[PDB]
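Structure record follows, encoded as structure tokens.
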Amino acid sequence: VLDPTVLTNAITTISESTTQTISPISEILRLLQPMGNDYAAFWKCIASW
Amino acid sequence: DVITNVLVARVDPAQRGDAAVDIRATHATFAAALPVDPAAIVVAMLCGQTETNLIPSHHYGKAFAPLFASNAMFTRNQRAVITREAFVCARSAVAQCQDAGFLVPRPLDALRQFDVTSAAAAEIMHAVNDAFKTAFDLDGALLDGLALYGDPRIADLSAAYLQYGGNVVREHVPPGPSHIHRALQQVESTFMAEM
Amino acid sequence: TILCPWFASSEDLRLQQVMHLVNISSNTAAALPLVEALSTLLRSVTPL
Amino acid sequence: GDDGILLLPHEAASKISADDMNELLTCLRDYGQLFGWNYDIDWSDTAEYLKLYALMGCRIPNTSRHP
Amino acid sequence: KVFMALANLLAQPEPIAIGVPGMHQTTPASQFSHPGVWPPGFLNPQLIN
Amino acid sequence: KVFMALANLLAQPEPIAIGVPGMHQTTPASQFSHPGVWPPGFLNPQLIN
Amino acid sequence: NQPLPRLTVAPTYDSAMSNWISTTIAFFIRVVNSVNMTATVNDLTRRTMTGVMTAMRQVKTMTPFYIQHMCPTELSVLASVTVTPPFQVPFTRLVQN
Amino acid sequence: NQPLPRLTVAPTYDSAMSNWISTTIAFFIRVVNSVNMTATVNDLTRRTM
Amino acid sequence: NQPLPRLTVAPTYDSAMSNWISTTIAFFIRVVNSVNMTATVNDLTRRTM
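Protein chains in written order, with this note's numbering: chain A, 104 to 152; chain B, 1121 to 1315; chain C, 504 to 551; chain D, 72 to 138; chain E, 2 to 50; chain F, 2 to 50; chain G, 314 to 410; chain H, 86 to 134; chain I, 86 to 134.
Structural data, given as structure tokens:
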């Protein structure tokens, strides 16, 4: 199974969800996805092998 | 010797194939900053004053008196014994269900154990921690952030700082000599003969 | 025969603080309560 | 005037026991009995110097004072 | 940050060498936050004429 | 495409030449999709100083 | 790839993708901690972005174990259940000819 | 002319524009301090220019 | 560091803090009384600084 909550708890300790929001939030804007996407592009990438 | 990073890890880089690589990667960094105004300090460092008849030996003896009559100076000292003995007995709980983990004696090794995964040890060490906080009646954050990476199987607390000229200290902390862990080792030894 | 158990060794106290630094967040918003916990006691008992 | 603020020393000011303060104000109220001075002592941890009030360093404008 | 604050505001009268190519004399002193971008005249004041 | 993606980002701070003719270090990773276009410094890292 | 072991301590970090992650991140830490980055990045944010990567490097993930030990013995079975059998060409680790 | 830099840029004084400006100011600091200006203009407002 | 004083305390200039203060004032007076600032700033308001 694929659960991003482990790395979310690891990135929360250095999250700083307030201002100077240039670098670290732009990571998790394309890294969190609770309802953002399914993990299809990973399994699609295995199936192409 | 500019202290670029101050480095603390949960997992030691030994059982993980991680010893030769750089210490910025083998630990986690304390990133904090306090932007204090120099304009506030100049009209503080050049500006403060005390009274004329003040003597700091009498001042401090009156000043620190209501904060040493309390028992809080001894509280963190008797939590360090509890934190250590929670840490050894949860290191030993994981490393005995694992096959040849840390250098711990394994008296229950005749018993069957199959699922030795990371979530397996996570459901052991949290089950140790929940059965340790309840037993010694404390509600603090004992052993909770140690499972942050998701791997209690390899968990040795270490600390370091990387100076700019490549220097490092790597003064890692081992656990101290335990007493309740050696009781559990004796309970497990008499278990196998009297199951 | 009193028994008032309080003291840990220095090896036990340094083991607790690393796990206290493990349990804490590594950002500036989690070490800010520590620097002001002492700053309150610095303002509290001071000659200056 | 008749009223005034008593201040406690900065070392043991806020860390004083309330049981010690109740024994102080009992002696202060009995101190004015030597003069007939009925002290109107208040121990509410607020300021009142000349009919003006405070709460944690915030001035409290008595709206009932000026109708 | 102290040394490149005065060295910031005097650039026409007093130039000194900055070793890294990204930074110059008029670079703001908030950016001088790496040990390798210390000016060589600040390590050795004999280098400055 | 992985090597050139970093090599695009440090064109002036790491000014290295690429032995493919007519093409430069400001050429993206999307272009490098043919084996005759792989850089010789990527083939032999001893060419990279 | 290798056959599937009993999931003990050393066969979860011995994977080639664990070799790939734990050395790319170890390389990309000294990229942001280099000398040329500080024209835009601050010392706090150099100390912060390093902390993001060294957390990403040390999150326990089992997808290196899957891709090393479990995924071939699934692709070998799922090849024989598809109607269209797998068309496949060989791979090349940087040989160019 | 110099080629385009791809690094972080800062205002410098080595250009010929700055060579033109900082040497015609250096000439009119001489005209103001010249003998023809000395007898006419008051000294404290001669330093002001 | 110094040990805690046993006598009545007075403001004094022996301290290394005061050595930091009384020498960084001594430099910035030479900044004010420099040739790079004499010709620009009026003599009536240099000694005010």
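Ideal placement from N, C-alpha and C gives every residue a C-beta, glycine not left out.
Task: Supposed close pair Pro90 of chain I, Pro1176 of chain B - CB separation, criterion 8 Å - done: Position 5 of the ninth sequence holds residue 90 of chain I. Position 56 of the second sequence holds residue 1176 of chain B. Indeed they touch by this definition, with Cβ atoms about 7 Å apart.
TODO: Pick helix, strand or coil for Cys129 of chain D, following the three-state DSSP scheme.
DONE: Translated into the one-based positions of the fourth sequence, residue 129 of chain D becomes position 58. If DSSP states are grouped into helix, strand and coil, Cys129 of chain D belongs with the strands.
Task: Straight-line gap, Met5 of chain E to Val1163 of chain B (C-alpha atoms, nearest Å) - done: Along the fifth sequence, one-based indexing puts residue 5 of chain E at 4. Along the second sequence, one-based indexing puts residue 1163 of chain B at 43. Whole-angstrom Cα-Cα distance: 23 Å.
Open item on the list: Distance check for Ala352 of chain G and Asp1257 of chain B, CA to CA, integer angstroms please.
Closed with: For this step, residue 1257 of chain B is matched to residue 137 along the second sequence. For this step, residue 352 of chain G is matched to residue 39 along the seventh sequence. Cα atoms of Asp1257 of chain B and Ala352 of chain G: separation of roughly 52 Å, rounded to the nearest angstrom.
Task: Strand pairing of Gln1283 of chain B, partner residues [DSSP] - done: Locating residue 1283 of chain B in the second sequence gives position 163, where the first residue counts as 1. B:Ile1123.
TODO: Note down, in chain order, each residue of its chain lying with its Cβ closer than 7 Å to the Cβ of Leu1268 of chain B, except the 5 sequence neighbours on either side.
DONE: In the second sequence, the residue the question calls residue 1268 of chain B occupies position 148. Correct list, in chain order: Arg1130.
TODO: Tell me, please, whether the segment 96 to 113 of chain I touches the segment 1176 to 1190 of chain B by the rule of three or more beta-carbon pairs shorter than 8 Å.
DONE: Taking a contact to require three or more Cβ pairs closer than 8 Å, the segment 96 to 113 of chain I and the segment 1176 to 1190 of chain B do not qualify as touching.
Open item on the list: Could you tell me which whole alpha helix (DSSP H) segments of length 4 or greater appear in the segment 1132 to 1165 of chain B?
Closed with: Counting whole runs of 4 or more residues, the segment 1132 to 1165 of chain B contains the alpha helix (DSSP H) stretches 1158 to 1165.
- [ ] Using beta-carbon positions only, say whether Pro14 of chain F and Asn349 of chain G come within less than 7 Å of one another.
- [x] On the sixth sequence, position 13 is the one that residue 14 of chain F refers to. On the seventh sequence, position 36 is the one that residue 349 of chain G refers to. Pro14 of chain F places its beta carbon less than 7 Å from that of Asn349 of chain G.
TODO: For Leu44 of chain F, return the contacting residues in chain G, with the cut-off set at a CB-CB distance below 9 Å.
DONE: Working through the sixth sequence from its first residue, we reach residue 44 of chain F at position 43. Result: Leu407 and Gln409.
Open item on the list: Strictly below 7 Å CB to CB, what residues from chain B border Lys86 of chain D?
Closed with: Along the fourth sequence, one-based indexing puts residue 86 of chain D at 15. Within chain B, the residues near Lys86 of chain D are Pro1186.
TODO: Could you confirm whether any beta carbon from chain A is found closer than 7 Å to the beta carbon of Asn530 of chain C?
DONE: In the third sequence, counting from the first residue as 1, residue 530 of chain C sits at position 27. Yes, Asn530 of chain C lies at the interface with chain A (some Cβ there is under 7 Å from its Cβ).
Open item on the list: Quick check on the DSSP output: the alpha helix (DSSP H) that includes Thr386 of chain G runs from which residue to which?
Closed with: Within the seventh sequence, residue 386 of chain G is the residue found at index 73, counting from 1. Residues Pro385 to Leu391.
Open item on the list: Quick check: is the beta carbon of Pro14 of chain F nearer than 7 Å to any beta carbon in chain G?
Closed with: The residue given as residue 14 of chain F occupies position 13 in the sixth sequence. Cβ-Cβ to chain G under 7 Å: yes for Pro14 of chain F.
Open item on the list: Does the CB of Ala329 of chain G have a neighbour CB from chain A at under 7 Å?
Closed with: In the seventh sequence, the residue the question calls residue 329 of chain G occupies position 16. Chain A, which has no Cβ nearer than 7 Å to the Cβ of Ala329 of chain G, makes this no.
- [ ] Could you tell me which of G:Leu391, G:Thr376, G:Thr321 and G:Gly364 sits nearest to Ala1145 of chain B, measuring between CA atoms?
- [x] What you label residue 1145 of chain B is simply residue 25 of the second sequence in a count that begins at 1. Looking from the CA of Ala1145 of chain B, the closest CA among G:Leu391, G:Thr376, G:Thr321 and G:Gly364 belongs to G:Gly364.
Open item on the list: 7 Å is my cut-off, CB to CB: does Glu94 of chain D come that close to chain B?
Closed with: If you number the fourth sequence from 1, residue 94 of chain D lands on position 23. Judged by the 7 Å Cβ criterion, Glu94 of chain D is not in contact with chain B.
- [ ] Give a yes or no on whether the minimum CB-CB distance between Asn121 of chain I and chain E is below 7 Å.
- [x] The residue labelled residue 121 of chain I in the question sits at position 36 within the ninth sequence. By this cut-off, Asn121 of chain I is an interface position.
Task: Below-7 Å beta-carbon distance, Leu1282 of chain B vs any chain A residue - done: Position 162 of the second sequence, counting from 1, holds the residue named residue 1282 of chain B. Chain A contact via Cβ: absent.
Task: 8 Å Cβ shell around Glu1291 of chain B - same chain, five flanking residues per side excluded - done: Here residue 1291 of chain B refers to the residue found at position 171 of the second sequence. Within the same chain, and ignoring the five residues on either side of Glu1291 of chain B in sequence, the residues whose Cβ sits closer than 8 Å to its Cβ are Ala1279 and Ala1280.
Task: Under 9 Å (Cβ pairs) to chain A, residues found in the segment 357 to 382 of chain G - done: Listed in sequence order: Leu357, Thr358, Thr361, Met362, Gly364, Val365, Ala368, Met369, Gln371, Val372, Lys373, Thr374, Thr376 and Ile380.
- [ ] Using a Cβ cut-off of 7 Å (strictly closer), state whether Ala1183 of chain B contacts chain D.
- [x] In the second sequence, the residue the question calls residue 1183 of chain B occupies position 63. Taking Cβ atoms only, chain D reaches closer than 7 Å to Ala1183 of chain B, which makes this a yes.
TODO: Give the DSSP bridge partners of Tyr124 of chain D, in chain order.
DONE: If you number the fourth sequence from 1, residue 124 of chain D lands on position 53. DSSP lists D:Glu119 and D:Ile131 as partners of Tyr124 of chain D.
- [ ] In the DSSP assignment, find the unbroken alpha helix (DSSP H) run with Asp128 of chain I in it and report its ends.
- [x] One-based indexing of the ninth sequence puts residue 128 of chain I at position 43. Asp128 of chain I -> alpha helix (DSSP H) spans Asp128 to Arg131.
Task: Contact the segment 1295 to 1304 of chain B vs the segment 1209 to 1218 of chain B: 3+ CB pairs below 8 Å - done: The segment 1295 to 1304 of chain B vs the segment 1209 to 1218 of chain B: in contact.
Open item on the list: Check whether chain G comes within 7 Å of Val21 of chain E, counting only Cβ atoms and requiring the distance to be less than that.
Closed with: By one-based count along the fifth sequence, residue 21 of chain E stands at place 20. Judged by the 7 Å Cβ criterion, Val21 of chain E is in contact with chain G.
Task: Cβ pair count under 8 Å reaching 3, the segment 104 to 119 of chain A against the segment 135 to 142 of chain A - done: With contact defined as three or more Cβ pairs closer than 8 Å, the segment 104 to 119 of chain A and the segment 135 to 142 of chain A are in contact.
- [ ] Spell out a yes or no on whether the segment 115 to 130 of chain D and the segment 87 to 96 of chain D are touching, meaning 3 or more CB-CB pairs, one atom from each, closer than 8 Å.
- [x] The answer is no - the segment 87 to 96 of chain D does not touch the segment 115 to 130 of chain D, with fewer than three Cβ pairs under 8 Å.
- [ ] Note down, in chain order, every chain A residue with its Cβ under 8 Å from the Cβ of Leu1268 of chain B.
- [x] Along the second sequence, one-based indexing puts residue 1268 of chain B at 148. Those are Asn112, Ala113 and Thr116, listed as they occur along chain A.
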